[PDB]
file start-v7.txt (compact mmCIF, C-alpha atoms and all ligand atoms)
# COMPACT_ATOMS: atom_id res chain seq x y z
CA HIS J 1 -117.32 69.88 67.89
CA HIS J 2 -120.75 69.85 69.54
CA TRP J 3 -119.82 69.29 73.13
CA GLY J 4 -120.22 66.13 75.13
CA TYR J 5 -118.52 63.91 77.66
CA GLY J 6 -116.18 61.87 75.44
CA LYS J 7 -112.42 62.03 74.88
CA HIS J 8 -112.62 64.53 72.02
CA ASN J 9 -115.48 66.74 73.17
CA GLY J 10 -115.65 66.32 76.95
CA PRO J 11 -115.10 68.69 79.89
CA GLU J 12 -111.40 69.27 79.14
CA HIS J 13 -112.43 70.72 75.72
CA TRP J 14 -115.30 72.93 76.83
CA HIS J 15 -113.20 76.06 77.47
CA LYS J 16 -112.57 76.48 73.70
CA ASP J 17 -116.26 77.25 72.99
CA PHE J 18 -117.03 78.53 76.53
CA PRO J 19 -113.98 80.28 77.98
CA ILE J 20 -115.79 80.92 81.29
CA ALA J 21 -114.98 77.22 81.88
CA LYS J 22 -111.75 78.52 83.46
CA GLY J 23 -113.57 81.23 85.44
CA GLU J 24 -113.54 82.18 89.10
CA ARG J 25 -116.78 80.46 90.24
CA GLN J 26 -117.06 77.20 88.32
CA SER J 27 -118.97 74.09 89.40
CA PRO J 28 -118.92 71.42 90.54
CA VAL J 29 -116.38 71.44 93.41
CA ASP J 30 -115.08 69.08 96.04
CA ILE J 31 -116.81 69.81 99.36
CA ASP J 32 -114.13 69.46 102.01
CA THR J 33 -116.37 68.84 105.04
CA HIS J 34 -113.79 69.83 107.65
CA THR J 35 -113.08 73.20 105.96
CA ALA J 36 -116.71 74.16 105.30
CA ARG J 37 -117.79 76.62 107.94
CA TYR J 38 -120.97 76.32 109.92
CA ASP J 39 -122.87 79.52 109.41
CA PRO J 40 -125.46 79.95 112.21
CA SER J 41 -127.00 82.85 110.20
CA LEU J 42 -128.06 80.49 107.36
CA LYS J 43 -131.81 79.84 107.33
CA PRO J 44 -133.56 76.54 106.86
CA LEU J 45 -134.27 75.87 103.24
CA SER J 46 -137.93 76.32 102.26
CA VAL J 47 -138.96 73.73 99.62
CA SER J 48 -142.57 74.28 98.56
CA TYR J 49 -143.47 71.63 95.97
CA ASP J 50 -147.15 70.84 96.92
CA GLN J 51 -148.51 72.48 93.75
CA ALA J 52 -145.76 71.32 91.38
CA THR J 53 -146.97 70.65 87.80
CA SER J 54 -144.68 68.32 85.85
CA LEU J 55 -145.15 68.49 82.10
CA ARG J 56 -142.71 66.40 80.10
CA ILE J 57 -139.73 64.06 80.29
CA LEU J 58 -137.00 64.72 77.68
CA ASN J 59 -133.67 63.16 76.52
CA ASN J 60 -131.47 66.09 75.51
CA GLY J 61 -128.39 64.08 74.46
CA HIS J 62 -126.61 65.05 77.73
CA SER J 63 -129.08 63.97 80.48
CA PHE J 64 -132.79 63.41 80.79
CA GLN J 65 -134.96 66.07 82.39
CA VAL J 66 -138.40 66.37 83.90
CA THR J 67 -139.85 69.80 83.08
CA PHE J 68 -142.32 71.77 85.17
CA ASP J 69 -144.74 74.62 84.58
CA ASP J 70 -142.73 77.62 85.76
CA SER J 71 -145.30 80.24 84.58
CA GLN J 72 -146.54 80.74 88.20
CA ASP J 73 -145.13 80.26 91.73
CA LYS J 74 -146.29 76.59 92.07
CA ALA J 75 -143.07 74.84 93.07
CA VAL J 76 -140.63 77.24 94.69
CA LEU J 77 -137.42 77.32 96.65
CA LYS J 78 -136.73 80.12 99.12
CA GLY J 79 -134.88 80.73 102.38
CA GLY J 80 -131.57 79.06 102.99
CA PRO J 81 -128.90 81.32 101.50
CA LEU J 82 -131.40 82.80 98.98
CA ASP J 83 -133.03 86.21 98.74
CA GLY J 84 -136.39 86.00 97.06
CA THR J 85 -138.24 83.23 95.38
CA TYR J 86 -137.03 80.68 92.86
CA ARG J 87 -139.30 78.71 90.55
CA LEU J 88 -138.68 75.06 89.73
CA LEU J 89 -137.97 74.68 86.00
CA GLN J 90 -136.70 71.09 85.74
CA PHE J 91 -134.79 68.29 87.34
CA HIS J 92 -132.20 66.01 85.84
CA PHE J 93 -129.42 63.66 86.86
CA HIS J 94 -125.74 62.94 86.31
CA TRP J 95 -124.51 59.34 86.64
CA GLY J 96 -121.66 56.92 86.07
CA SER J 97 -120.81 53.81 84.12
CA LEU J 98 -120.27 52.14 87.54
CA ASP J 99 -121.43 52.95 91.05
CA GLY J 100 -118.14 54.50 92.17
CA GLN J 101 -118.56 57.54 89.97
CA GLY J 102 -121.32 59.72 88.60
CA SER J 103 -121.76 62.63 90.99
CA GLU J 104 -120.50 66.07 90.03
CA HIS J 105 -119.92 67.37 93.56
CA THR J 106 -117.71 65.23 95.69
CA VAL J 107 -117.57 65.04 99.52
CA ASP J 108 -114.02 64.71 100.90
CA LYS J 109 -113.19 63.40 97.40
CA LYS J 110 -115.88 60.72 97.58
CA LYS J 111 -117.92 60.29 94.41
CA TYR J 112 -121.49 59.08 94.54
CA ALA J 113 -123.17 56.92 91.90
CA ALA J 114 -125.32 59.81 90.76
CA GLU J 115 -126.49 63.34 91.56
CA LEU J 116 -129.94 64.84 91.19
CA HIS J 117 -130.23 68.54 90.30
CA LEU J 118 -133.46 70.48 90.84
CA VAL J 119 -133.03 73.68 88.86
CA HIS J 120 -134.80 76.89 89.93
CA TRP J 121 -134.66 80.50 88.71
CA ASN J 122 -135.14 83.81 90.50
CA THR J 123 -138.56 85.32 89.74
CA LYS J 124 -137.19 88.86 89.98
CA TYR J 125 -135.60 88.27 86.52
CA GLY J 126 -138.86 87.07 84.97
CA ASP J 127 -137.52 84.29 82.76
CA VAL J 128 -134.77 81.72 82.95
CA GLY J 129 -132.83 83.11 80.00
CA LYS J 130 -132.58 86.48 81.78
CA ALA J 131 -131.75 84.75 85.07
CA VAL J 132 -128.75 82.88 83.61
CA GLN J 133 -127.19 86.30 82.90
CA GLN J 134 -127.22 87.23 86.64
CA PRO J 135 -124.93 86.16 89.49
CA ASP J 136 -127.95 85.25 91.65
CA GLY J 137 -130.18 84.09 88.82
CA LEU J 138 -130.45 80.33 89.53
CA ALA J 139 -130.56 78.09 92.57
CA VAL J 140 -129.77 74.40 92.04
CA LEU J 141 -130.62 71.92 94.75
CA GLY J 142 -128.21 68.98 94.58
CA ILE J 143 -128.91 65.55 96.06
CA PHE J 144 -126.48 62.60 96.04
CA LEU J 145 -127.57 59.07 95.08
CA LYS J 146 -125.99 56.00 96.60
CA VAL J 147 -126.86 52.45 95.63
CA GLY J 148 -128.70 50.21 98.08
CA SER J 149 -132.44 50.19 98.75
CA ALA J 150 -134.79 51.41 96.01
CA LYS J 151 -136.28 54.91 96.06
CA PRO J 152 -140.01 54.33 95.51
CA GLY J 153 -140.57 57.94 94.40
CA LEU J 154 -138.07 57.49 91.57
CA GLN J 155 -139.72 54.49 90.02
CA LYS J 156 -142.25 56.41 87.87
CA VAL J 157 -139.24 58.17 86.25
CA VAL J 158 -137.26 54.97 85.71
CA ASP J 159 -140.23 53.21 84.11
CA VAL J 160 -140.64 55.64 81.24
CA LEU J 161 -136.95 55.91 80.28
CA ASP J 162 -137.43 53.16 77.61
CA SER J 163 -139.64 55.67 75.79
CA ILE J 164 -136.94 58.41 75.57
CA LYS J 165 -133.88 56.29 74.82
CA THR J 166 -132.25 58.63 72.32
CA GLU J 167 -131.52 62.33 71.92
CA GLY J 168 -134.59 64.28 70.87
CA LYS J 169 -137.21 61.97 72.39
CA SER J 170 -139.77 63.21 74.87
CA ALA J 171 -142.99 62.01 76.53
CA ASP J 172 -145.84 63.31 78.62
CA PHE J 173 -144.89 63.19 82.27
CA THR J 174 -147.71 64.70 84.29
CA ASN J 175 -148.54 64.40 87.98
CA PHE J 176 -145.02 63.55 89.08
CA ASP J 177 -144.32 64.63 92.65
CA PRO J 178 -140.67 65.62 93.19
CA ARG J 179 -141.11 65.50 96.95
CA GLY J 180 -140.64 61.72 96.61
CA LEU J 181 -136.98 62.31 95.62
CA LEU J 182 -135.96 64.22 98.78
CA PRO J 183 -133.99 62.84 101.71
CA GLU J 184 -135.22 63.35 105.32
CA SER J 185 -132.83 66.15 106.24
CA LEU J 186 -132.48 69.49 104.50
CA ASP J 187 -129.03 70.09 106.04
CA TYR J 188 -126.92 71.60 103.30
CA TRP J 189 -123.72 73.09 102.01
CA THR J 190 -123.82 76.24 99.88
CA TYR J 191 -121.45 78.14 97.63
CA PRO J 192 -121.59 80.46 94.56
CA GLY J 193 -120.96 78.63 91.31
CA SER J 194 -122.01 77.88 87.77
CA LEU J 195 -123.93 75.67 85.40
CA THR J 196 -122.05 72.39 85.00
CA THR J 197 -122.71 72.05 81.25
CA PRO J 198 -122.29 74.64 78.51
CA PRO J 199 -122.81 77.55 78.66
CA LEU J 200 -121.20 77.16 82.14
CA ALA J 201 -122.73 80.52 83.15
CA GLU J 202 -121.73 81.78 86.57
CA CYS J 203 -125.28 82.31 87.73
CA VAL J 204 -125.90 79.60 90.31
CA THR J 205 -126.28 79.53 94.08
CA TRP J 206 -125.52 75.85 94.80
CA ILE J 207 -127.38 74.17 97.67
CA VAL J 208 -126.07 70.61 98.11
CA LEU J 209 -127.84 68.36 100.65
CA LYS J 210 -125.65 66.41 103.11
CA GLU J 211 -127.94 63.39 103.18
CA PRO J 212 -127.94 61.14 100.10
CA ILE J 213 -130.91 59.21 98.87
CA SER J 214 -130.61 55.48 98.21
CA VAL J 215 -131.63 54.04 94.88
CA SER J 216 -131.44 50.43 93.73
CA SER J 217 -129.01 48.88 91.32
CA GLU J 218 -132.00 48.17 89.05
CA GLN J 219 -133.00 51.86 89.03
CA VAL J 220 -129.53 53.15 88.17
CA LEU J 221 -129.08 50.42 85.53
CA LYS J 222 -132.06 51.91 83.70
CA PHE J 223 -130.33 55.32 83.61
CA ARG J 224 -127.36 53.55 81.97
CA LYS J 225 -129.48 52.20 79.12
CA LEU J 226 -130.14 55.73 77.81
CA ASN J 227 -128.16 56.85 74.76
CA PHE J 228 -126.28 60.06 74.06
CA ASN J 229 -126.87 59.46 70.33
CA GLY J 230 -129.90 60.06 68.13
CA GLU J 231 -132.01 57.08 67.10
CA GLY J 232 -130.24 56.05 63.86
CA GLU J 233 -126.64 56.77 64.93
CA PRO J 234 -124.04 54.47 66.46
CA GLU J 235 -125.22 53.50 70.01
CA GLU J 236 -123.18 55.23 72.72
CA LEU J 237 -124.49 54.65 76.23
CA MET J 238 -125.43 57.83 78.18
CA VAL J 239 -123.06 57.18 81.08
CA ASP J 240 -120.46 59.33 82.82
CA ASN J 241 -122.31 62.56 82.02
CA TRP J 242 -120.65 64.39 84.92
CA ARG J 243 -118.20 67.27 84.99
CA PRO J 244 -115.25 66.75 87.40
CA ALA J 245 -114.59 68.98 90.39
CA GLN J 246 -113.22 72.44 89.44
CA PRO J 247 -110.90 74.73 91.37
CA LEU J 248 -112.49 76.34 94.43
CA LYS J 249 -110.43 79.54 93.96
CA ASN J 250 -111.54 82.48 96.12
CA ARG J 251 -114.67 80.79 97.55
CA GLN J 252 -115.98 79.57 100.84
CA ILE J 253 -118.40 76.67 101.25
CA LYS J 254 -120.83 77.27 104.11
CA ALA J 255 -122.66 74.58 106.09
CA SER J 256 -126.17 75.00 107.46
CA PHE J 257 -125.44 72.47 110.21
CA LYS J 258 -122.95 71.48 112.90
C1 LIG Y 301 -131.58 76.21 78.10
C2 LIG Y 301 -130.53 77.22 78.59
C3 LIG Y 301 -129.12 76.70 78.34
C4 LIG Y 301 -128.82 75.57 79.35
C5 LIG Y 301 -129.03 75.98 80.82
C6 LIG Y 301 -128.68 74.90 81.84
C7 LIG Y 301 -127.54 74.14 81.63
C8 LIG Y 301 -127.16 73.13 82.50
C9 LIG Y 301 -127.93 72.85 83.62
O1 LIG Y 301 -127.45 71.82 84.42
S1 LIG Y 301 -126.82 72.07 85.85
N1 LIG Y 301 -126.06 70.74 86.12
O2 LIG Y 301 -125.94 73.20 85.77
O3 LIG Y 301 -127.96 72.23 86.69
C10 LIG Y 301 -129.08 73.61 83.89
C11 LIG Y 301 -129.46 74.63 82.98
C12 LIG Y 301 -130.67 75.47 83.28
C13 LIG Y 301 -130.70 76.77 82.46
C14 LIG Y 301 -130.47 76.44 81.00
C15 LIG Y 301 -130.65 77.62 80.05
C16 LIG Y 301 -131.89 78.51 80.13
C17 LIG Y 301 -131.78 79.39 78.88
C18 LIG Y 301 -130.87 78.58 77.99
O4 LIG Y 301 -130.47 78.98 76.91
ZN ZN Y 302 -126.90 69.07 86.57

call {"tool": "encode", "arguments": {"input": "start-v7.txt", "output": "structure tokens"}}
result
Amino acid sequence: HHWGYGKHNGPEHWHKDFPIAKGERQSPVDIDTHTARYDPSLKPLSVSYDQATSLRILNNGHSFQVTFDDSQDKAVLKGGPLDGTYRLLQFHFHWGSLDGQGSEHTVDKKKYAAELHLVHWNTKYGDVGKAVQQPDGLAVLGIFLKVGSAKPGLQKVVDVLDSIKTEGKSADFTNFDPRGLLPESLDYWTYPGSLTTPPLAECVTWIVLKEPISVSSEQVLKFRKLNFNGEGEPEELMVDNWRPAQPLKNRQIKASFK
């Protein structure tokens, strides 16, 4: 019906409404670290978030997202494999019912407990709707989460999740600094791919950081208290909101690092 992550509407069903689900550059993928080629021509990523303006936090029935003002070049991604400048629109996460699954990308088949996606769009296309119709329209920065020590910079997010438990709910979420979610290293893998939820548009340059961040069990347990459902519907925990790895097909994953 309306798509989701369950047995009857999950990733294996998505191709019926979105036939590009079986396309040539679908995401996520398994990153086979020994086959990825070091590309010495790849530039360091430029992550310029000093002037980021967060606006809202929202439960959309498939994840939660923190939205940013993308009406000016305040929080931008450039360099790396990218041509031009990409504005930060939002970040969100994918996570599991248990710590051994939850990431969308895998690394030598290893699944992480969660994956953070910072979604940016190419300013040459003017708006994100236009950008999703272009093969170089979006750049998504992907960061793996493992469970161990807490991530202090994530705690402001975790603490408001009680206020957006169900689909439709949102809250003010100003002055959040996404730099507190980044690992030390910007070493990355990159490949051409797609959105990982409907409409699965093949518009994304994926930039996946090698270094995970650590979050605590308590932090990830708060993700797992969210609900896919609307407030007055049967409670169905928002867990396992990840798409599995898709066929690599005629693509090469490049590494920024040796
Ligand atoms: C809202 C949206 C549909 C959903 C699109 C989407 C879907 C999944 C998504 O997640 S992921 N995992 O691919 O980063 C990011 C976005 C950003 C652009 C979003 C689109 C911009 C215009 C539009 O109609
Ligand atoms: Zn995502």

call {"tool": "closest_atom_pairs", "arguments": {"input": "start-v7.txt", "of": "chain J", "to": "ligand ZN 302 (chain Y)", "cutoff": "9 Å", "atoms": "only C-alpha atoms and all ligand atoms", "output": "JSON lines"}}
result
{"residue": "J:63", "atom": "CA", "partner": "Y:ZN302", "partner_atom": "ZN", "distance": 8.2}
{"residue": "J:91", "atom": "CA", "partner": "Y:ZN302", "partner_atom": "ZN", "distance": 8.0}
{"residue": "J:92", "atom": "CA", "partner": "Y:ZN302", "partner_atom": "ZN", "distance": 6.2}
{"residue": "J:93", "atom": "CA", "partner": "Y:ZN302", "partner_atom": "ZN", "distance": 6.0}
{"residue": "J:94", "atom": "CA", "partner": "Y:ZN302", "partner_atom": "ZN", "distance": 6.2}
{"residue": "J:104", "atom": "CA", "partner": "Y:ZN302", "partner_atom": "ZN", "distance": 7.9}
{"residue": "J:115", "atom": "CA", "partner": "Y:ZN302", "partner_atom": "ZN", "distance": 7.6}
{"residue": "J:116", "atom": "CA", "partner": "Y:ZN302", "partner_atom": "ZN", "distance": 7.0}
{"residue": "J:117", "atom": "CA", "partner": "Y:ZN302", "partner_atom": "ZN", "distance": 5.0}
{"residue": "J:118", "atom": "CA", "partner": "Y:ZN302", "partner_atom": "ZN", "distance": 8.0}
{"residue": "J:119", "atom": "CA", "partner": "Y:ZN302", "partner_atom": "ZN", "distance": 8.0}
{"residue": "J:140", "atom": "CA", "partner": "Y:ZN302", "partner_atom": "ZN", "distance": 8.2}
{"residue": "J:142", "atom": "CA", "partner": "Y:ZN302", "partner_atom": "ZN", "distance": 8.1}
{"residue": "J:195", "atom": "CA", "partner": "Y:ZN302", "partner_atom": "ZN", "distance": 7.3}
{"residue": "J:196", "atom": "CA", "partner": "Y:ZN302", "partner_atom": "ZN", "distance": 6.1}
{"residue": "J:197", "atom": "CA", "partner": "Y:ZN302", "partner_atom": "ZN", "distance": 7.4}
{"residue": "J:242", "atom": "CA", "partner": "Y:ZN302", "partner_atom": "ZN", "distance": 8.0}

call {"tool": "closest_residue", "arguments": {"input": "start-v7.txt", "among": "J:25, J:1, J:87, J:7", "to": "residue 253 (chain J)", "atoms": "only C-alpha atoms"}}
result
J:25

call {"tool": "atom_distance", "arguments": {"input": "start-v7.txt", "atom1": "CA of residue 249 (chain J)", "atom2": "CA of residue 39 (chain J)"}}
result
19.8 Å

call {"tool": "residues_around", "arguments": {"input": "start-v7.txt", "residues": "residue 28 (chain J)", "least_positions_apart": "6", "cutoff": "10 Å", "atoms": "only C-alpha atoms", "output": "tab-separated table (two decimals) with C-alpha atoms, keeping the file's coordinate frame"}}
result
chain	number	residue	atom	x	y	z
J	103	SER	CA	-121.76	62.63	90.99
J	104	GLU	CA	-120.50	66.07	90.03
J	105	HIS	CA	-119.92	67.37	93.56
J	106	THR	CA	-117.71	65.23	95.69
J	193	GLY	CA	-120.96	78.63	91.31
J	194	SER	CA	-122.01	77.88	87.77
J	195	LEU	CA	-123.93	75.67	85.40
J	196	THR	CA	-122.05	72.39	85.00
J	206	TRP	CA	-125.52	75.85	94.80
J	242	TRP	CA	-120.65	64.39	84.92
J	243	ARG	CA	-118.20	67.27	84.99
J	244	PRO	CA	-115.25	66.75	87.40
J	245	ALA	CA	-114.59	68.98	90.39
J	246	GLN	CA	-113.22	72.44	89.44
J	247	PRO	CA	-110.90	74.73	91.37
J	248	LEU	CA	-112.49	76.34	94.43

call {"tool": "closest_residue", "arguments": {"input": "start-v7.txt", "among": "J:10, J:96, J:23, J:40", "to": "residue 256 (chain J)", "atoms": "only C-alpha atoms"}}
result
J:40

call {"tool": "closest_residue", "arguments": {"input": "start-v7.txt", "among": "J:34, J:130, J:109, J:13", "to": "ligand LIG 301 (chain Y)", "atoms": "only C-alpha atoms and all ligand atoms"}}
result
J:130

call {"tool": "closest_atom_pairs", "arguments": {"input": "start-v7.txt", "of": "region 156-199 of chain J", "to": "region 208-225 of chain J", "cutoff": "10 Å", "atoms": "all atoms listed in the file", "output": "tab-separated table"}}
result
residue	atom	partner	partner_atom	distance
J:157	CA	J:219	CA	9.3
J:158	CA	J:219	CA	6.2
J:159	CA	J:222	CA	8.3
J:160	CA	J:222	CA	9.7
J:161	CA	J:222	CA	7.2
J:162	CA	J:225	CA	8.1
J:165	CA	J:225	CA	7.4
J:166	CA	J:225	CA	9.8
J:181	CA	J:213	CA	7.6
J:182	CA	J:213	CA	7.1
J:183	CA	J:213	CA	5.5
J:184	CA	J:211	CA	7.6
J:185	CA	J:211	CA	6.4
J:186	CA	J:209	CA	6.1
J:187	CA	J:209	CA	5.8
J:188	CA	J:209	CA	4.3
J:189	CA	J:208	CA	5.2
J:190	CA	J:208	CA	6.3
J:191	CA	J:208	CA	8.8

call {"tool": "write_last_selection", "arguments": {"input": "start-v7.txt", "atoms": "C-alpha atoms", "output": "PDB file, keeping the file's coordinate frame"}}
result
ATOM      1  CA  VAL J 157    -139.240  58.170  86.250  1.00  0.00           C
ATOM      2  CA  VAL J 158    -137.260  54.970  85.710  1.00  0.00           C
ATOM      3  CA  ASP J 159    -140.230  53.210  84.110  1.00  0.00           C
ATOM      4  CA  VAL J 160    -140.640  55.640  81.240  1.00  0.00           C
ATOM      5  CA  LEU J 161    -136.950  55.910  80.280  1.00  0.00           C
ATOM      6  CA  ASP J 162    -137.430  53.160  77.610  1.00  0.00           C
ATOM      7  CA  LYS J 165    -133.880  56.290  74.820  1.00  0.00           C
ATOM      8  CA  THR J 166    -132.250  58.630  72.320  1.00  0.00           C
ATOM      9  CA  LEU J 181    -136.980  62.310  95.620  1.00  0.00           C
ATOM     10  CA  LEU J 182    -135.960  64.220  98.780  1.00  0.00           C
ATOM     11  CA  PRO J 183    -133.990  62.840 101.710  1.00  0.00           C
ATOM     12  CA  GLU J 184    -135.220  63.350 105.320  1.00  0.00           C
ATOM     13  CA  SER J 185    -132.830  66.150 106.240  1.00  0.00           C
ATOM     14  CA  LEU J 186    -132.480  69.490 104.500  1.00  0.00           C
ATOM     15  CA  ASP J 187    -129.030  70.090 106.040  1.00  0.00           C
ATOM     16  CA  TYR J 188    -126.920  71.600 103.300  1.00  0.00           C
ATOM     17  CA  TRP J 189    -123.720  73.090 102.010  1.00  0.00           C
ATOM     18  CA  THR J 190    -123.820  76.240  99.880  1.00  0.00           C
ATOM     19  CA  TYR J 191    -121.450  78.140  97.630  1.00  0.00           C
TER      20      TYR J 191
END

call {"tool": "closest_residue", "arguments": {"input": "start-v7.txt", "among": "J:61, J:102, J:11, J:192", "to": "residue 254 (chain J)", "atoms": "only C-alpha atoms"}}
result
J:192

call {"tool": "closest_residue", "arguments": {"input": "start-v7.txt", "among": "J:132, J:107, J:138, J:147", "to": "residue 88 (chain J)", "atoms": "only C-alpha atoms"}}
result
J:138

call {"tool": "build_atoms", "arguments": {"input": "start-v7.txt", "residues": "region 73-86 of chain J", "atoms": "N, CA, C and O atoms", "output": "mmCIF file, in the frame of the given file"}}
result
data_model
loop_
_atom_site.group_PDB
_atom_site.id
_atom_site.type_symbol
_atom_site.label_atom_id
_atom_site.label_comp_id
_atom_site.auth_asym_id
_atom_site.auth_seq_id
_atom_site.Cartn_x
_atom_site.Cartn_y
_atom_site.Cartn_z
ATOM 1 N N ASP J 73 -145.899 80.706 90.551
ATOM 2 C CA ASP J 73 -145.130 80.260 91.730
ATOM 3 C C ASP J 73 -145.669 78.949 92.366
ATOM 4 O O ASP J 73 -145.963 78.903 93.566
ATOM 5 N N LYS J 74 -145.700 77.864 91.611
ATOM 6 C CA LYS J 74 -146.290 76.590 92.070
ATOM 7 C C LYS J 74 -145.349 75.653 92.828
ATOM 8 O O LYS J 74 -145.776 74.831 93.634
ATOM 9 N N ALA J 75 -144.084 75.705 92.477
ATOM 10 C CA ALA J 75 -143.070 74.840 93.070
ATOM 11 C C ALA J 75 -141.861 75.740 93.246
ATOM 12 O O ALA J 75 -141.195 76.069 92.281
ATOM 13 N N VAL J 76 -141.639 76.215 94.463
ATOM 14 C CA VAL J 76 -140.630 77.240 94.690
ATOM 15 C C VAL J 76 -139.672 76.890 95.806
ATOM 16 O O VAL J 76 -140.019 76.201 96.748
ATOM 17 N N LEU J 77 -138.454 77.392 95.656
ATOM 18 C CA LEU J 77 -137.420 77.320 96.650
ATOM 19 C C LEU J 77 -137.172 78.731 97.157
ATOM 20 O O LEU J 77 -137.125 79.700 96.386
ATOM 21 N N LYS J 78 -137.036 78.844 98.471
ATOM 22 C CA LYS J 78 -136.730 80.120 99.120
ATOM 23 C C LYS J 78 -136.017 79.840 100.438
ATOM 24 O O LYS J 78 -135.736 78.695 100.751
ATOM 25 N N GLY J 79 -135.668 80.893 101.170
ATOM 26 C CA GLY J 79 -134.880 80.730 102.380
ATOM 27 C C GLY J 79 -133.499 80.182 102.109
ATOM 28 O O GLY J 79 -132.928 80.374 101.038
ATOM 29 N N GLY J 80 -132.949 79.490 103.091
ATOM 30 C CA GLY J 80 -131.570 79.060 102.990
ATOM 31 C C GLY J 80 -130.662 80.265 102.807
ATOM 32 O O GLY J 80 -130.827 81.309 103.458
ATOM 33 N N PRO J 81 -129.736 80.186 101.836
ATOM 34 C CA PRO J 81 -128.900 81.320 101.500
ATOM 35 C C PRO J 81 -129.530 82.333 100.516
ATOM 36 O O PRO J 81 -128.914 83.346 100.190
ATOM 37 N N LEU J 82 -130.755 82.072 100.074
ATOM 38 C CA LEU J 82 -131.400 82.800 98.980
ATOM 39 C C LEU J 82 -132.150 84.037 99.458
ATOM 40 O O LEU J 82 -132.719 84.034 100.554
ATOM 41 N N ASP J 83 -132.154 85.058 98.610
ATOM 42 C CA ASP J 83 -133.030 86.210 98.740
ATOM 43 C C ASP J 83 -134.071 86.042 97.641
ATOM 44 O O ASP J 83 -133.742 85.815 96.479
ATOM 45 N N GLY J 84 -135.333 86.105 98.018
ATOM 46 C CA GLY J 84 -136.390 86.000 97.060
ATOM 47 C C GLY J 84 -136.772 84.571 96.735
ATOM 48 O O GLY J 84 -136.382 83.601 97.436
ATOM 49 N N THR J 85 -137.533 84.464 95.659
ATOM 50 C CA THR J 85 -138.240 83.230 95.380
ATOM 51 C C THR J 85 -137.791 82.664 94.043
ATOM 52 O O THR J 85 -137.633 83.386 93.055
ATOM 53 N N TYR J 86 -137.554 81.354 94.038
ATOM 54 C CA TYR J 86 -137.030 80.680 92.860
ATOM 55 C C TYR J 86 -137.977 79.596 92.393
ATOM 56 O O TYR J 86 -138.350 78.716 93.165
#
